[PDB]
Amino acid sequence: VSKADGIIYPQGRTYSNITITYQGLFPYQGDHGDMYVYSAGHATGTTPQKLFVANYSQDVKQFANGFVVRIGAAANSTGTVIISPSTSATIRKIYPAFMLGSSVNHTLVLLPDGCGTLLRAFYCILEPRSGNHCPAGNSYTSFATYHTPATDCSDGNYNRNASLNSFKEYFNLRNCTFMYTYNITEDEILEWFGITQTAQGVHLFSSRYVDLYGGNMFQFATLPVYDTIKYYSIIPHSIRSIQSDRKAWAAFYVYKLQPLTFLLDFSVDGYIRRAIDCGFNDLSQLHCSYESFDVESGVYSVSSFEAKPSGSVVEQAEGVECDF
Amino acid sequence: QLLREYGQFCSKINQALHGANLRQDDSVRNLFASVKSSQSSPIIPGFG
Amino acid sequence: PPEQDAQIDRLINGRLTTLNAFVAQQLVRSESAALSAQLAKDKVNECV
Amino acid sequence: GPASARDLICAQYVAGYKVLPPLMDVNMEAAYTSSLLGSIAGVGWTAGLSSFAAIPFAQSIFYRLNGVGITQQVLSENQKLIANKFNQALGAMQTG
Amino acid sequence: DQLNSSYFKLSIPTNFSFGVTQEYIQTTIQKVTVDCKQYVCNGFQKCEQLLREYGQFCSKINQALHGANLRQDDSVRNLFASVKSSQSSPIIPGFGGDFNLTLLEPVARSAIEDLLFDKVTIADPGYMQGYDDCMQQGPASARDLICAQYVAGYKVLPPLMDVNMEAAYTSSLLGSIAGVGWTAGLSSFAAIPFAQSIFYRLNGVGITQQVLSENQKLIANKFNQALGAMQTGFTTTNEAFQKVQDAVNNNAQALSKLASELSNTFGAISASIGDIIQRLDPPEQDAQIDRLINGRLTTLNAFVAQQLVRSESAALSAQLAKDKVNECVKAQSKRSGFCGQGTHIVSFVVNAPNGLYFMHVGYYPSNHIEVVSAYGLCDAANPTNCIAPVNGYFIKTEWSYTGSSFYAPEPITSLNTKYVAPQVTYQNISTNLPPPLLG
Amino acid sequence: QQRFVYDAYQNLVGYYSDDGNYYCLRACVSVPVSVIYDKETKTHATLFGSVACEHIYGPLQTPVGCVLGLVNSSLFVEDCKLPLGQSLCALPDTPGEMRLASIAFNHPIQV
């Protein structure tokens, strides 16, 4: 929170050169969160073969208010490839894929495409396919969207629907309400993506569009989804790199969004360089109450810790018995 | 949420109470320093 | 819930008023005690 | 449970308000009063606090009575009587 | 340890030091007047109609604010009249002779007074053209109180006396300090050197005249060192400097509360009445306006009560300041702890933002030693002839007299002794006899 | 992008125009008014606090503030019926307009 990377900025107004406490959905301070890392698929020589990925799709987490994602955190640092321990390559930033479903009907899917050139967001019913290695089909470990670096990521030809076509092969797309494509400039710099659901519409926030260096996220897209989403499942992505071309891929960290009071530091620019989360610790509560990041040395009383009930007791009187 | 619309009233109440308590501590220290004497005879049984 | 929130607001207003009144009462008592402490210091030097 | 009906101390914990302890412990406060008592016997010898004289409390009382105006000869004749009257006043203070 | 004998143990300092005790007294508060109609109604007719149903609350508020200002003016006038002295010596460069009073001497305000004000952080008053300056300059600082006052319509009134007149009162007091302590009564003022007055004050604490003459240079150097410490005295650790800052902060807090309350919703849909008019139909909007009015009226009543309590405290404190100026600044004080810690020698007064700042020079005993002493000495040959030391203790150096505040044995003389009726405690000496007993 | 800029007080201190030229927003500022009145004269002087006389005999500028229709006697008076504060004094010409004066410090006898 002190770093203030991936800190939501209020859409209603901006604050310049002032410090105030703001109530908004925010990640918990010192929260590791959920870490999902994309890996290269199994390949022999120059030919890509079976996809290799963890069962991110099988894992299901509640969407709740929303979640914020850290992108390219380890990018530009040499690391062992997840698939090959012996092979070591510089980590390359990759874009995360999210599947959100109101029921487990219409399913909101955010899919990175064209090797991160564009991001595609659509609300569509998903039909499982009877073919082998597909969700309806038997003997399938998992369903994973895939792309080929040799053809899809060629500088000459970039396929906008290459991930979408692979997604269509795993899941049929039926009665999609809308299709939206937003172009994101490829970069190895750290990026933050935040998705929130509001009554007017689902809102998408990207740090790169307004404050890539600061990591502050500003809404760039609006989704007209009027159905509440209670469940989100990460989509595993497997990259069909050749054995020689296998490269480490940056892990993405997902942090849940819950309403929190955050002390915020605003520069002349008004971007949030520093922030404090009151909930994590009593010292943070003291900073929030004073509304000052730095306070003079003193002994200060703060809100008392409150005991939380671990059980519920109900007593009611029942009388009389039927007689045989 | 209702308190937030009015303001950070709860935070102000805690700070004000702490300030009065610190003021009382300063008063106690000053009063005791005044009562203390630089040189005093040791108290003994049958004093006076 | 909407009707209940209005009842809760009345409870909050009374409790916040009580806390503000308590803070004001403590501040008045602390000011009186500090003035009385100065009188006690004067009495110790003048008579004791 | 509550020590007394409507016990304020137990009520404080349930409400969450806390009464802070005093800045100085009772033993330190007792030491301050004890040092003051020793100073009283010899503090009033001469003007100024720079010099302290260790003198009997009885001698100091006779000098104070000389200041009010009782003659030294009367003080010497009534020294036992003055002590008895002072002791009677302190006994009344105990039942005060 | 008390001795079970006619002789009594005495602890007396063989060394002396000078220290300055700094005290701040708040004689006045910033006088604040609030325009109730601009503060609550914000130029809205509906607010005025609702206020009228309650009563002329805004009219009552203005009268109370005027009363507080008049009370402050009366208190300031009385305090300054008390500090003023009927006869004073003109201040000259090198005032105080060997003792250095250059910091006390006026530059205008004295250098010590200017430092006290400069170290404290005070928002610029801008009394001549602050409202116009705020618009062109913009807020001087984020949440600037001065700019906020003009937007709200409340104004902070200027002090009854200008800085130059207040400096003149302190300068006259400094001149009167050197010669005021010659004899009892204020009817006659004697023009004497400050150094001569200090030596007489030291004789009063009981130091012997012969010691003062021998240590005249040493006494001046120690006093100068104490004043140098006073120059570096203003620090976060110093309580008096913090009290001056706190008084400025308390006035600032009152202004901040008024500005903060206006932005409070008070249970209304919007803090701004104009936003409510656009957001809701007029009958529903009027109910929201009433919620804002009730909170704003309560804040103004609380602010008037707060100003009245602060004004009452300032007036009582100003009376205390007047007593301190007469007791310590205009005379040496026998009372202990009323002025400086230890034995008070002299006091000086400089102006402070919300009151008067008092610096008291005090005498501090050090290196105490224990010597055998006797209450009185009587001739062995003549029981009736006896002496008792005046502002001193008889000590066995056969017998010598020492000053109460400073150990320095000197031959016993008739001048330092008073004849007294014989007592059993008094020693009987035949081998050696001081001149008052050689009769 | 936010367009509306707010301070810690939450007042609207700044707005971004459609043209893209940012304009600082300051709420219209009221001009403070006070009344200096003498019952015996039955006449009053309009006092403006901290206000330049340009925004307001013509008005007389004083350190306390602009005073409308005020004449400066410039005569030192030890005691003032209606002091304006600072070194200023308003003394009625007795009805003649109250006269701005200088409060006079009483100098002590100099020895």
# chains A, B, ... in the order shown; residues from 1 in each chain; ligands from 1
>>> residues_around(residues="residue 270 in chain A", least_positions_apart="2", cutoff="10 Å", atoms="only C-alpha atoms", output="VMD selection string")
(chain A and resid 14 to 18 265 to 268 272 to 273) or (chain F and resid 5)
>>> write_last_selection(atoms="C-alpha atoms", output="tab-separated table (two decimals), in the first residue's frame")
chain	number	residue	atom	x	y	z
A	14	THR	CA	-8.99	14.17	-8.65
A	15	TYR	CA	-7.05	15.36	-5.54
A	16	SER	CA	-3.85	17.46	-5.99
A	17	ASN	CA	-1.12	18.10	-3.33
A	18	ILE	CA	-3.44	17.02	-0.44
A	265	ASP	CA	-0.68	10.83	-0.70
A	266	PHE	CA	-1.17	13.10	-3.77
A	267	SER	CA	1.68	14.95	-5.57
A	268	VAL	CA	1.33	18.15	-7.70
A	272	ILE	CA	-0.88	8.34	-5.75
A	273	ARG	CA	2.86	7.88	-4.94
F	5	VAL	CA	-10.11	19.09	-8.94
>>> residues_around(residues="range 70-79 of chain D", least_positions_apart="3", cutoff="10 Å", atoms="only C-alpha atoms", output="PDB file with C-alpha atoms, in the first residue's frame")
ATOM      1  CA  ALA D  58      10.218  21.290  68.216  1.00  0.00           C
ATOM      2  CA  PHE D  62       9.178  27.547  69.053  1.00  0.00           C
ATOM      3  CA  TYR D  63      10.789  29.934  66.498  1.00  0.00           C
ATOM      4  CA  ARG D  64       7.470  30.132  64.545  1.00  0.00           C
ATOM      5  CA  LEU D  65       5.593  30.935  67.817  1.00  0.00           C
ATOM      6  CA  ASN D  66       8.252  33.615  68.539  1.00  0.00           C
ATOM      7  CA  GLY D  67       7.367  35.105  65.104  1.00  0.00           C
ATOM      8  CA  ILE D  82       2.631  23.719  73.724  1.00  0.00           C
ATOM      9  CA  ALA D  83       3.562  20.115  72.790  1.00  0.00           C
ATOM     10  CA  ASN D  84       0.432  18.712  74.535  1.00  0.00           C
TER      11      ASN D  84
ATOM     12  CA  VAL E 420      18.810  38.340  71.501  1.00  0.00           C
ATOM     13  CA  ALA E 421      17.534  37.000  74.873  1.00  0.00           C
ATOM     14  CA  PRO E 422      19.655  34.022  76.153  1.00  0.00           C
ATOM     15  CA  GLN E 423      18.588  30.427  75.249  1.00  0.00           C
ATOM     16  CA  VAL E 424      19.851  27.015  76.539  1.00  0.00           C
TER      17      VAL E 424
END
>>> closest_residue(among="A:82, A:223, A:260, A:195", to="residue 288 in chain A", atoms="only C-alpha atoms")
A:260
>>> interface_residues(of="chain B", to="chain D", cutoff="8 Å", atoms="only C-alpha atoms", output="PyMOL selection string")
chain B and resi 25+28-29+32+35-37+39-43+47-48
>>> write_last_selection(atoms="N, CA, C and O atoms", output="mmCIF file, in the first residue's frame")
data_model
loop_
_atom_site.group_PDB
_atom_site.id
_atom_site.type_symbol
_atom_site.label_atom_id
_atom_site.label_comp_id
_atom_site.auth_asym_id
_atom_site.auth_seq_id
_atom_site.Cartn_x
_atom_site.Cartn_y
_atom_site.Cartn_z
ATOM 1 N N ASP B 25 -1.213 14.540 32.552
ATOM 2 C CA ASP B 25 0.124 13.988 32.899
ATOM 3 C C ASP B 25 1.119 15.138 33.080
ATOM 4 O O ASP B 25 1.891 15.105 34.053
ATOM 5 N N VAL B 28 0.497 16.805 36.416
ATOM 6 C CA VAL B 28 0.945 15.968 37.569
ATOM 7 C C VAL B 28 2.462 16.116 37.720
ATOM 8 O O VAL B 28 2.926 16.316 38.859
ATOM 9 N N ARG B 29 3.196 16.070 36.604
ATOM 10 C CA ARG B 29 4.678 16.140 36.670
ATOM 11 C C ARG B 29 5.097 17.496 37.248
ATOM 12 O O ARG B 29 5.976 17.513 38.132
ATOM 13 N N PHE B 32 4.336 17.750 41.127
ATOM 14 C CA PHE B 32 5.269 16.946 41.960
ATOM 15 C C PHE B 32 6.669 17.575 41.982
ATOM 16 O O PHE B 32 7.325 17.542 43.036
ATOM 17 N N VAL B 35 6.533 20.317 44.582
ATOM 18 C CA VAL B 35 6.487 19.805 45.987
ATOM 19 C C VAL B 35 7.873 19.299 46.409
ATOM 20 O O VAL B 35 8.217 19.462 47.595
ATOM 21 N N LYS B 36 8.632 18.703 45.481
ATOM 22 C CA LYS B 36 9.953 18.113 45.832
ATOM 23 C C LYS B 36 10.884 19.204 46.371
ATOM 24 O O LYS B 36 10.875 20.319 45.814
ATOM 25 N N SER B 37 11.665 18.881 47.408
ATOM 26 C CA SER B 37 12.612 19.857 48.007
ATOM 27 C C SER B 37 14.046 19.408 47.709
ATOM 28 O O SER B 37 14.296 18.193 47.762
ATOM 29 N N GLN B 39 16.942 19.785 49.478
ATOM 30 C CA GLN B 39 17.595 19.131 50.645
ATOM 31 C C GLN B 39 16.534 18.823 51.709
ATOM 32 O O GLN B 39 15.766 19.742 52.052
ATOM 33 N N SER B 40 16.494 17.582 52.204
ATOM 34 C CA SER B 40 15.496 17.187 53.234
ATOM 35 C C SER B 40 16.142 16.319 54.318
ATOM 36 O O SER B 40 17.019 15.510 53.971
ATOM 37 N N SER B 41 15.723 16.479 55.578
ATOM 38 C CA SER B 41 16.230 15.604 56.669
ATOM 39 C C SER B 41 15.596 14.214 56.543
ATOM 40 O O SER B 41 14.401 14.144 56.194
ATOM 41 N N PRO B 42 16.323 13.107 56.813
ATOM 42 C CA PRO B 42 15.721 11.769 56.785
ATOM 43 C C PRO B 42 14.648 11.620 57.873
ATOM 44 O O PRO B 42 14.883 12.058 58.985
ATOM 45 N N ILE B 43 13.509 11.008 57.534
ATOM 46 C CA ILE B 43 12.440 10.762 58.549
ATOM 47 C C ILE B 43 12.926 9.669 59.507
ATOM 48 O O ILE B 43 13.500 8.675 59.020
ATOM 49 N N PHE B 47 10.004 11.224 65.275
ATOM 50 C CA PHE B 47 10.313 12.527 64.627
ATOM 51 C C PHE B 47 9.458 13.615 65.284
ATOM 52 O O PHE B 47 8.290 13.339 65.623
ATOM 53 N N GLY B 48 10.022 14.815 65.452
ATOM 54 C CA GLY B 48 9.288 15.924 66.094
ATOM 55 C C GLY B 48 9.484 15.969 67.600
ATOM 56 O O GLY B 48 8.911 16.877 68.232
#
>>> atom_distance(atom1="CA of residue 197 in chain A", atom2="CA of residue 228 in chain A")
7.7 Å
>>> atom_distance(atom1="CA of residue 66 in chain F", atom2="CA of residue 52 in chain F")
6.0 Å
>>> closest_atom_pairs(of="chain B", to="chain A", cutoff="10 Å", atoms="only C-alpha atoms", output="JSON lines")
{"residue": "B:1", "atom": "CA", "partner": "A:23", "partner_atom": "CA", "distance": 9.5}
{"residue": "B:4", "atom": "CA", "partner": "A:23", "partner_atom": "CA", "distance": 9.1}
{"residue": "B:8", "atom": "CA", "partner": "A:289", "partner_atom": "CA", "distance": 7.9}
{"residue": "B:9", "atom": "CA", "partner": "A:289", "partner_atom": "CA", "distance": 9.9}
{"residue": "B:10", "atom": "CA", "partner": "A:289", "partner_atom": "CA", "distance": 8.5}
{"residue": "B:11", "atom": "CA", "partner": "A:289", "partner_atom": "CA", "distance": 5.0}
{"residue": "B:12", "atom": "CA", "partner": "A:289", "partner_atom": "CA", "distance": 7.6}
{"residue": "B:14", "atom": "CA", "partner": "A:301", "partner_atom": "CA", "distance": 6.6}
{"residue": "B:15", "atom": "CA", "partner": "A:300", "partner_atom": "CA", "distance": 7.4}
{"residue": "B:17", "atom": "CA", "partner": "A:301", "partner_atom": "CA", "distance": 8.5}
{"residue": "B:18", "atom": "CA", "partner": "A:300", "partner_atom": "CA", "distance": 6.2}
{"residue": "B:19", "atom": "CA", "partner": "A:300", "partner_atom": "CA", "distance": 8.6}
{"residue": "B:22", "atom": "CA", "partner": "A:299", "partner_atom": "CA", "distance": 8.7}
>>> residues_around(residues="residue 180 in chain E", least_positions_apart="5", cutoff="8 Å", atoms="only C-alpha atoms", output="list in words")
residues 186, 189, 190, 330 and 331 of chain E
>>> write_last_selection(atoms="N, CA and C atoms", output="PDB file, in the first residue's frame")
ATOM      1  N   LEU E 186       6.429  52.910  45.004  1.00  0.00           N
ATOM      2  CA  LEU E 186       6.626  53.218  43.561  1.00  0.00           C
ATOM      3  C   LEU E 186       6.634  54.735  43.361  1.00  0.00           C
ATOM      4  N   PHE E 189      11.429  57.043  41.706  1.00  0.00           N
ATOM      5  CA  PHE E 189      12.270  56.132  40.889  1.00  0.00           C
ATOM      6  C   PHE E 189      13.712  56.641  40.920  1.00  0.00           C
ATOM      7  N   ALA E 190      14.656  55.757  41.245  1.00  0.00           N
ATOM      8  CA  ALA E 190      16.083  56.145  41.289  1.00  0.00           C
ATOM      9  C   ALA E 190      16.767  55.607  40.030  1.00  0.00           C
ATOM     10  N   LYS E 330       8.765  43.869  38.278  1.00  0.00           N
ATOM     11  CA  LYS E 330       8.925  45.198  38.931  1.00  0.00           C
ATOM     12  C   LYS E 330       9.545  45.086  40.332  1.00  0.00           C
ATOM     13  N   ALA E 331       9.695  43.877  40.882  1.00  0.00           N
ATOM     14  CA  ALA E 331      10.370  43.753  42.197  1.00  0.00           C
ATOM     15  C   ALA E 331      10.954  42.351  42.381  1.00  0.00           C
TER      16      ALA E 331
END
>>> atom_distance(atom1="CA of residue 176 in chain E", atom2="CA of residue 211 in chain E")
27.0 Å
>>> closest_atom_pairs(of="chain E", to="chain D", cutoff="6 Å", atoms="only C-alpha atoms", output="Markdown table")
| residue | atom | partner | partner_atom | distance |
| --- | --- | --- | --- | --- |
| E:2 | CA | D:54 | CA | 4.8 |
| E:8 | CA | D:55 | CA | 5.9 |
| E:9 | CA | D:54 | CA | 5.5 |
| E:10 | CA | D:53 | CA | 4.3 |
| E:11 | CA | D:52 | CA | 5.3 |
| E:12 | CA | D:51 | CA | 4.5 |
| E:205 | CA | D:48 | CA | 5.9 |
| E:365 | CA | D:50 | CA | 5.3 |
| E:391 | CA | D:46 | CA | 5.9 |
| E:405 | CA | D:50 | CA | 5.0 |
>>> write_last_selection(atoms="N, CA and C atoms", output="compact mmCIF listing (two decimals), in the first residue's frame")
# COMPACT_ATOMS: atom_id res chain seq x y z
N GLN E 2 20.02 15.34 61.36
CA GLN E 2 19.84 16.23 62.53
C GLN E 2 20.77 15.75 63.65
N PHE E 8 23.79 22.31 65.35
CA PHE E 8 22.93 21.72 64.28
C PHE E 8 23.71 21.66 62.96
N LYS E 9 23.56 20.56 62.21
CA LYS E 9 24.23 20.45 60.89
C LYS E 9 23.57 21.40 59.89
N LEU E 10 24.36 22.06 59.05
CA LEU E 10 23.80 22.97 58.01
C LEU E 10 24.37 22.59 56.64
N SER E 11 23.52 22.45 55.62
CA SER E 11 24.04 22.19 54.25
C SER E 11 24.00 23.51 53.47
N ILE E 12 25.16 24.04 53.08
CA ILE E 12 25.21 25.37 52.40
C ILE E 12 26.06 25.27 51.13
N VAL E 205 19.35 38.05 48.77
CA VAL E 205 19.30 36.56 48.88
C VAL E 205 20.26 36.12 50.00
N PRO E 365 21.70 27.04 43.83
CA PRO E 365 22.79 26.55 44.68
C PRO E 365 23.47 25.29 44.12
N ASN E 391 20.30 36.76 58.31
CA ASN E 391 20.47 36.26 56.91
C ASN E 391 21.79 35.49 56.83
N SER E 405 23.00 32.19 51.42
CA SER E 405 22.98 31.58 50.10
C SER E 405 24.33 31.20 49.58
>>> residues_around(residues="residue 42 in chain C", least_positions_apart="2", cutoff="10 Å", atoms="only C-alpha atoms", output="ChimeraX atom specification")
/B:31,34-35 /C:36-40,44-48 /E:335-338
>>> closest_residue(among="F:2, F:21, F:106, F:94", to="chain E", atoms="only C-alpha atoms")
F:106
>>> closest_atom_pairs(of="chain E", to="chain B", cutoff="7 Å", atoms="only C-alpha atoms", output="Markdown table")
| residue | atom | partner | partner_atom | distance |
| --- | --- | --- | --- | --- |
| E:1 | CA | B:41 | CA | 5.9 |
| E:2 | CA | B:41 | CA | 6.9 |
| E:264 | CA | B:6 | CA | 5.8 |
| E:265 | CA | B:6 | CA | 6.0 |
| E:266 | CA | B:6 | CA | 5.4 |
| E:267 | CA | B:6 | CA | 6.7 |
>>> write_last_selection(atoms="N, CA, C and O atoms", output="PDB file, in the first residue's frame")
ATOM      1  N   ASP E   1      21.656  15.074  58.232  1.00  0.00           N
ATOM      2  CA  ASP E   1      21.269  14.371  59.484  1.00  0.00           C
ATOM      3  C   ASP E   1      21.138  15.381  60.627  1.00  0.00           C
ATOM      4  O   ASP E   1      22.076  16.178  60.820  1.00  0.00           O
ATOM      5  N   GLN E   2      20.018  15.338  61.357  1.00  0.00           N
ATOM      6  CA  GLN E   2      19.839  16.232  62.533  1.00  0.00           C
ATOM      7  C   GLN E   2      20.774  15.753  63.648  1.00  0.00           C
ATOM      8  O   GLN E   2      20.963  14.527  63.773  1.00  0.00           O
ATOM      9  N   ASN E 264     -19.426  19.561   5.293  1.00  0.00           N
ATOM     10  CA  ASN E 264     -20.108  18.376   5.880  1.00  0.00           C
ATOM     11  C   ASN E 264     -21.535  18.277   5.331  1.00  0.00           C
ATOM     12  O   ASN E 264     -22.217  19.319   5.273  1.00  0.00           O
ATOM     13  N   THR E 265     -21.961  17.071   4.945  1.00  0.00           N
ATOM     14  CA  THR E 265     -23.333  16.857   4.408  1.00  0.00           C
ATOM     15  C   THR E 265     -24.380  17.147   5.488  1.00  0.00           C
ATOM     16  O   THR E 265     -25.446  17.668   5.121  1.00  0.00           O
ATOM     17  N   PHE E 266     -24.112  16.772   6.745  1.00  0.00           N
ATOM     18  CA  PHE E 266     -25.097  16.942   7.851  1.00  0.00           C
ATOM     19  C   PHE E 266     -26.349  16.110   7.556  1.00  0.00           C
ATOM     20  O   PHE E 266     -27.449  16.522   7.972  1.00  0.00           O
ATOM     21  N   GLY E 267     -26.186  14.980   6.859  1.00  0.00           N
ATOM     22  CA  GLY E 267     -27.325  14.101   6.527  1.00  0.00           C
ATOM     23  C   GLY E 267     -28.049  14.550   5.269  1.00  0.00           C
ATOM     24  O   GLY E 267     -28.993  13.849   4.859  1.00  0.00           O
TER      25      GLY E 267
END
>>> residues_around(residues="residue 198 in chain E", least_positions_apart="3", cutoff="8 Å", atoms="only C-alpha atoms", output="ChimeraX atom specification")
/E:194-195,201-202,345-346
>>> decode(residues="range 8-28 of chain B", atoms="N, CA and C atoms", output="PDB file, in the first residue's frame")
ATOM      1  N   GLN B   8     -15.185  12.377   9.873  1.00  0.00           N
ATOM      2  CA  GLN B   8     -14.435  11.424  10.738  1.00  0.00           C
ATOM      3  C   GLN B   8     -14.650  11.823  12.202  1.00  0.00           C
ATOM      4  N   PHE B   9     -15.904  11.809  12.663  1.00  0.00           N
ATOM      5  CA  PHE B   9     -16.224  12.229  14.053  1.00  0.00           C
ATOM      6  C   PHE B   9     -15.550  11.269  15.037  1.00  0.00           C
ATOM      7  N   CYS B  10     -15.573   9.969  14.735  1.00  0.00           N
ATOM      8  CA  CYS B  10     -15.012   8.957  15.671  1.00  0.00           C
ATOM      9  C   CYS B  10     -13.510   9.184  15.876  1.00  0.00           C
ATOM     10  N   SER B  11     -12.776   9.459  14.793  1.00  0.00           N
ATOM     11  CA  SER B  11     -11.311   9.678  14.894  1.00  0.00           C
ATOM     12  C   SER B  11     -11.042  10.914  15.753  1.00  0.00           C
ATOM     13  N   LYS B  12     -11.827  11.976  15.553  1.00  0.00           N
ATOM     14  CA  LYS B  12     -11.631  13.240  16.311  1.00  0.00           C
ATOM     15  C   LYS B  12     -11.855  12.978  17.803  1.00  0.00           C
ATOM     16  N   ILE B  13     -12.871  12.181  18.146  1.00  0.00           N
ATOM     17  CA  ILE B  13     -13.197  11.945  19.584  1.00  0.00           C
ATOM     18  C   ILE B  13     -11.995  11.277  20.258  1.00  0.00           C
ATOM     19  N   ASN B  14     -11.395  10.276  19.605  1.00  0.00           N
ATOM     20  CA  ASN B  14     -10.274   9.533  20.241  1.00  0.00           C
ATOM     21  C   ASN B  14      -9.095  10.484  20.474  1.00  0.00           C
ATOM     22  N   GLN B  15      -8.771  11.320  19.482  1.00  0.00           N
ATOM     23  CA  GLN B  15      -7.607  12.239  19.600  1.00  0.00           C
ATOM     24  C   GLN B  15      -7.848  13.252  20.724  1.00  0.00           C
ATOM     25  N   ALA B  16      -9.066  13.792  20.820  1.00  0.00           N
ATOM     26  CA  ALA B  16      -9.350  14.836  21.832  1.00  0.00           C
ATOM     27  C   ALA B  16      -9.179  14.258  23.241  1.00  0.00           C
ATOM     28  N   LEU B  17      -9.677  13.039  23.463  1.00  0.00           N
ATOM     29  CA  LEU B  17      -9.572  12.400  24.802  1.00  0.00           C
ATOM     30  C   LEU B  17      -8.098  12.163  25.143  1.00  0.00           C
ATOM     31  N   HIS B  18      -7.307  11.719  24.162  1.00  0.00           N
ATOM     32  CA  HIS B  18      -5.861  11.471  24.399  1.00  0.00           C
ATOM     33  C   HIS B  18      -5.182  12.787  24.792  1.00  0.00           C
ATOM     34  N   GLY B  19      -5.533  13.891  24.123  1.00  0.00           N
ATOM     35  CA  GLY B  19      -4.883  15.186  24.398  1.00  0.00           C
ATOM     36  C   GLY B  19      -5.143  15.658  25.818  1.00  0.00           C
ATOM     37  N   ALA B  20      -6.382  15.511  26.294  1.00  0.00           N
ATOM     38  CA  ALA B  20      -6.727  15.922  27.676  1.00  0.00           C
ATOM     39  C   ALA B  20      -5.930  15.070  28.667  1.00  0.00           C
ATOM     40  N   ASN B  21      -5.811  13.770  28.392  1.00  0.00           N
ATOM     41  CA  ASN B  21      -5.072  12.849  29.297  1.00  0.00           C
ATOM     42  C   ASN B  21      -3.588  13.234  29.341  1.00  0.00           C
ATOM     43  N   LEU B  22      -3.001  13.585  28.191  1.00  0.00           N
ATOM     44  CA  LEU B  22      -1.581  14.033  28.157  1.00  0.00           C
ATOM     45  C   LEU B  22      -1.436  15.332  28.955  1.00  0.00           C
ATOM     46  N   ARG B  23      -2.415  16.235  28.843  1.00  0.00           N
ATOM     47  CA  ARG B  23      -2.377  17.520  29.590  1.00  0.00           C
ATOM     48  C   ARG B  23      -2.378  17.213  31.091  1.00  0.00           C
ATOM     49  N   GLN B  24      -3.185  16.236  31.514  1.00  0.00           N
ATOM     50  CA  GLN B  24      -3.244  15.856  32.950  1.00  0.00           C
ATOM     51  C   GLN B  24      -1.876  15.334  33.397  1.00  0.00           C
ATOM     52  N   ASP B  25      -1.213  14.540  32.552  1.00  0.00           N
ATOM     53  CA  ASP B  25       0.124  13.988  32.899  1.00  0.00           C
ATOM     54  C   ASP B  25       1.119  15.138  33.080  1.00  0.00           C
ATOM     55  N   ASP B  26       1.072  16.134  32.193  1.00  0.00           N
ATOM     56  CA  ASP B  26       2.007  17.286  32.287  1.00  0.00           C
ATOM     57  C   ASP B  26       1.746  18.027  33.602  1.00  0.00           C
ATOM     58  N   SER B  27       0.471  18.203  33.960  1.00  0.00           N
ATOM     59  CA  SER B  27       0.113  18.913  35.216  1.00  0.00           C
ATOM     60  C   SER B  27       0.640  18.135  36.428  1.00  0.00           C
ATOM     61  N   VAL B  28       0.497  16.805  36.416  1.00  0.00           N
ATOM     62  CA  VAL B  28       0.945  15.968  37.569  1.00  0.00           C
ATOM     63  C   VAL B  28       2.462  16.116  37.720  1.00  0.00           C
TER      64      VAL B  28
END
